[PDB]
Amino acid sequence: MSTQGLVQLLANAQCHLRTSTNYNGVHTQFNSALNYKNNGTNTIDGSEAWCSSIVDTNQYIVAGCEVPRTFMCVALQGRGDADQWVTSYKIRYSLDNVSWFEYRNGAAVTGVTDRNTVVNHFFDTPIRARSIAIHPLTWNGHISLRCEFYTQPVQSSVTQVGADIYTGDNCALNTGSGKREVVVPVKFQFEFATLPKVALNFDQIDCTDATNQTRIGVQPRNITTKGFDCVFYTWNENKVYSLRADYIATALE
């Protein structure tokens, strides 16, 4: 329940994993997910953990996401099939993948004390990053671990801007009375994957007041993934020579 609603990054295959060294080809980051278990009857499939080949304070596993995330928690766990585990570690991270930073200026975070009991560390403040790395500092037996990172869910948007949708000069809004429209079909440069929402706002106004009142409007109608109808309008006795608008359409997920 503590990590309820959060994204399990490794379990969802949301990150690339790079390690400093691997003991051999069956002790790699392929075997790093929290609660990873393998065939206990066969030795050939290796460790229930990522295990390094060099045992020093310079090893690490780094998880990289191309989409920034808010990291709430890192969970550590020992090796499932042997008495090896990381007792403390530091966390480093980068948001822009140019400059790196250290959590708590590099101070240790409390790890685990056995093979299987997970220890969650909720960061003192949530970390905004693309890439994050566990750097083992002290260990029992060997530098061997399983892990997970828990992030807020991400949302993804795609936006298209289109400029200068125009009624034309001396348009139909410039004669008659009551509610009047000039409809201009608009087609997006590319079709959205899901239905967009559309903002559509004025950039050029050429209109005549009526008993001192300005009455002008622009609104999308019949929004699809492919485009929409830009509806310019006026009402009452107003005469409107022209209206121009820019649009911003955004689809989510």
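Numbers for residues come from their place in the sequence shown, where the first is 1.
Engineer: Read off the CA B-factors in the entry, average them over 131-139 and over 159-167, and name the higher stretch.
Structural biologist: Averaged over C-alpha atoms, the B-factors run higher in 159-167.
Engineer: Comparing 168-176 with 94-102, which stretch shows the greater average C-alpha B-factor in the deposited entry?
Structural biologist: Between 168-176 and 94-102, it is 168-176.
Engineer: Out of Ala210, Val26, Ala49, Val62, which shows the largest CA B-factor listed in the entry?
Structural biologist: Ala210 has the highest C-alpha B-factor of those listed.
Engineer: According to the Cα B-factor stored in this entry, which of the following is highest: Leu200, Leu34, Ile44, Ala193?
Structural biologist: That would be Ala193, according to the entry.
Engineer: What third of its chain, lowest, middle or highest, does the C-alpha temperature factor of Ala107 fall into?
Structural biologist: Its C-alpha B-factor belongs to the highest third of this chain's values.
Engineer: Where does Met1 sit by CA temperature factor within its chain: lowest, middle or highest third?
Structural biologist: Highest third.
Engineer: If you rank the chain by CA B-factor, which third does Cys15 end up in: lowest, middle or highest?
Structural biologist: Answer is middle: the recorded C-alpha B-factor places it there.
Engineer: Sorting by Cα B-factor within the chain, modelled residues only, which third would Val154 end up in: lowest, middle or highest?
Structural biologist: Middle third, going by the recorded CA B-factors of the chain.
Engineer: Place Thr125 in the lowest, middle or highest third of its chain's C-alpha B-factors, as listed in the PDB entry.
Structural biologist: For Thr125, whose C-alpha B-factor we compare with every modelled residue in the chain, the answer is the highest third.
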